[PDB]
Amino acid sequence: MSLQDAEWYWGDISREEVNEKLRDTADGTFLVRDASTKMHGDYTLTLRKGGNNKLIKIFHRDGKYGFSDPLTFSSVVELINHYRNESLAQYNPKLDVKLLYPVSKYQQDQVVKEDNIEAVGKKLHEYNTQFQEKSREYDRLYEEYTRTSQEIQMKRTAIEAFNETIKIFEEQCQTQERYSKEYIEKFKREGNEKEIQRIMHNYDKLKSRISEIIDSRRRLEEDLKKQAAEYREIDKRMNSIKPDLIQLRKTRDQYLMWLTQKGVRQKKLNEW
């Protein structure tokens, strides 16, 4: 019935660290530290409620405990377990959850085999090597992902420019036929095939060039189609590497548990 050995007391843990432990958790998940003020015998309880991490200060006086001006309990373990049994709406109706889910310090200690020191000096260096390699691949993916992303929009605006040029050459064809039809028809009955072939020679050269830019557009739309697909492939590959990267980063992290078995960081200093 001691506080130091209790499940939900972690000790010198930082606020940013508990925020990293109640992330997306359920209402009622709770955890206590010694206050960030670093003052002896002064604590803070933080519990999940409404998607928020709500902190409360555990006051201490005359050896008693509590978190309001009227102060009662003998130990924090009595203060907590009381609110594990029934709701803390007694303190404040604005929040009415029980201290349902504790998060403990030395559960999730997922090292199972014979605890030879090589579980650190060997399997830690292994996971950390596996972590920095996969972390280097994800950084490489994100580099060519952003490179491909910008080359795509460069092409999307270039084909959009081709669209405007082709729109302007097509209206040129539709105005060539509008203003040349009845000059062709007039030249036809005057027997002036010479002038008819000047107009046709120029018209042929018009839609000869429009064919070149039309071909240049599809040749770019082809490069775009194929780079847009390799872009989606880079995306799904990153999405596959992210959860793995997090999994073996947490494994590398908790394999410092068995470094903490020695406490003094000699067994990682050797790898330094």
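What we label the rigid core is the largest C-alpha set whose atoms superpose within 1.5 Å from one form to the other. In this text, residue numbers run from 1 along the sequence as written.
The segment moving more, judged by mean Cα distance from this form in 8 other deposited structures of this protein after a core overlay, is 257-265 among 257-265 and 17-25. Comparing 138-146 with 101-109 in 8 other deposited structures of this protein, after superposition on the rigid core, the stretch with the greater RMS C-alpha deviation is 101-109. In the record comparison, residue 39 is unmodelled in at least a third of the other entries of this protein that model the residues flanking it.
A summary of the deposited B-factors shows that, of 104-112 and 158-166, the stretch with the larger mean C-alpha value is 104-112. For the pair 240-248 and 34-42, the mean B factor over Cα atoms is greater in 34-42. Of the candidates 151, 118, 137, 143, it is 118 whose Cα B-factor is highest according to the PDB record. Residue set 173, 200, 76, 184: peak C-alpha B-factor at 76 (per PDB entry). For residue 12, the recorded CA B-factor ranks within the middle third of the chain. Only modelled residues enter the ranking. Among all modelled residues in its chain, residue 235 ranks in the lowest third by Cα B-factor.
Remark: residue 68 belongs to the highest third of its chain, ranked by C-alpha B-factor as recorded. When the CA B factors of the chain's modelled residues are split into thirds, the value for residue 123 lands in the highest one. Residue 221: CA B factor lies in the lowest third for its chain, per the PDB record.
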